[PDB]
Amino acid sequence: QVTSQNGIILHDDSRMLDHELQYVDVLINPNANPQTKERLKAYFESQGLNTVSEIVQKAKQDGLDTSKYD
């Protein structure tokens, strides 16, 4: 899950990515494309992030800017 070469950590699979936090904007959009909204809820459910609040908490815990989600 943590890959490193020559001491330097190059990737940590357990850290949330920034462009994926923006998928929350689809989950909270009441008028979002219902087919896409369901795929994103399946995707996050697969990672053990089952509520929008669990997504946000894990983003903030991983150093991302979770303003916009007060």
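Sequential numbering from 1, following the sequence displayed.
Colleague: Is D12 in the lowest, middle or highest third of its chain when residues are ranked by C-alpha B-factor?
Modeller: For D12, whose C-alpha B-factor we compare with every modelled residue in the chain, the answer is the middle third.
Colleague: Can you tell me whether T3 has a C-alpha B-factor in the lowest, middle or highest third compared with the other modelled residues of the same chain?
Modeller: Within its chain, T3 is a middle-third residue by C-alpha B-factor, going by the deposited values.
Colleague: Divide the modelled residues of the chain into thirds by Cα B-factor and specify which third, lowest, middle or highest, holds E54.
Modeller: CA B-factor rank for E54: lowest third.
Colleague: Just say lowest, middle or highest third for the CA B-factor of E20 relative to the other modelled residues in its chain.
Modeller: Its C-alpha B-factor, which the entry lists for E20, ranks in the lowest third among residues of this chain.
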